[PDB]
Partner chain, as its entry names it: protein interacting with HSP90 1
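Shown next as structure tokens: one chain only, the form solved without the partner chain.
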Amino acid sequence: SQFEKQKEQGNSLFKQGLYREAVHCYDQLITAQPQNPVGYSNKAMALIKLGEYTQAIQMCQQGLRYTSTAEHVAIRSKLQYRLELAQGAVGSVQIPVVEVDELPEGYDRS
């Protein structure tokens, strides 16, 4: 059994840019220890760098279900960081595709 390597191998894939490929090994941290925060913490930090903040917000608040111990205080600190920036970015767009240059929203001709 292991957890560390699946957390140390993607530990550079995420830092390179391969965020999803990095999570693609992080996801086994949660499947091996679905009651462990760093599982969610690794997969979560990558979702910000992918901009799937929507999912990132879910990962961080999940980690806090397991931080009942001081081996997890490290991550309890993160489940509060990228938890906040994600939900403050998920859909934050003050310049979306909202333009009109043609007919009414419900014209008729017959």
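Positions refer to the first chain, counted from 1.
Another form exists, solved in complex with the partner chain; not displayed. Remarks below refer to it.
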item: Heavy atom of residue 61 within 4.5 Å of the partner chain in the entry with it bound; value: yes
item: is_contact(residue 56, the partner chain) in the entry with it bound, heavy atom dist at most 4.5 Å; value: no
item: is_contact(residue 90, the partner chain) in the entry with it bound, heavy atom dist at most 4.5 Å; value: yes
item: Partner contacts in the entry with it bound for 85-110 (non-hydrogen atom within 4.5 angstroms of the partner chain); value: 87, 90, 91, 92, 93, 94, 95, 96, 97, 98, 99, 100, 101, 102, 103, 104, 106, 107, 108, 109, 110
